[PDB]
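One chain follows as structure tokens, the form deposited without the DNA.
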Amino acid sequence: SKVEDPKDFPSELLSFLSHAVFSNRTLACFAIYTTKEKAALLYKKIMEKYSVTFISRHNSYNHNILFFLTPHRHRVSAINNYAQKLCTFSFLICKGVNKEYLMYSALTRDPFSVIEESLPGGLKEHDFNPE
């Protein structure tokens, strides 16, 4: 497990991410990195639990990354709590997203791919703009 499990997100994505998982500054864009089986499950649980404004599921080579935005702010430790406790096996990494567009956009391109998203045709740059 020290041998098998990712210690973090793919490095291609760490610069779009917040690494202060134990902060108190709340965020409203989060990312979860985990196995494909757990990510399929969480796709729907996080959706229903957090009344997400948006959620998408992504190929990450062997695994999956979920990308989602909440209608209101939350602490990381909080989304980490809920996510870790739903299924208690395998690895899970859940971090804040600082660069919302940039994050979701890399997930739509090689080596990542979209498995599914709550909103047909997902997002674009303009969506992270004004109103």
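The first residue of the shown sequence is 1; numbering continues from there.
The form solved in complex with the DNA exists for this protein as well; it is not shown, and the discussion that follows is about that form.
The partner is absent here; in the entry with it bound, the one residue of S90, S77, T53, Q84 having a heavy atom within 4.5 Å of the DNA is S77. In the entry with it bound, no residue of the candidate spot (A40, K44 and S118) has a heavy atom lying within 4.5 Å of the DNA.
This chain is displayed without the DNA, yet in the entry with it bound the stretch 69-77 from 69-77, 53-61, 32-40, 102-110 comes within 4.5 Å of it by heavy atoms. Taking the partner from the other structure, the DNA in the entry with it bound has no heavy atom within 4.5 Å of any heavy atom of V114.
Interface residue remark: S11 is not counted as part of the site for the DNA in the entry with it bound, having no heavy atom within 4.5 Å.
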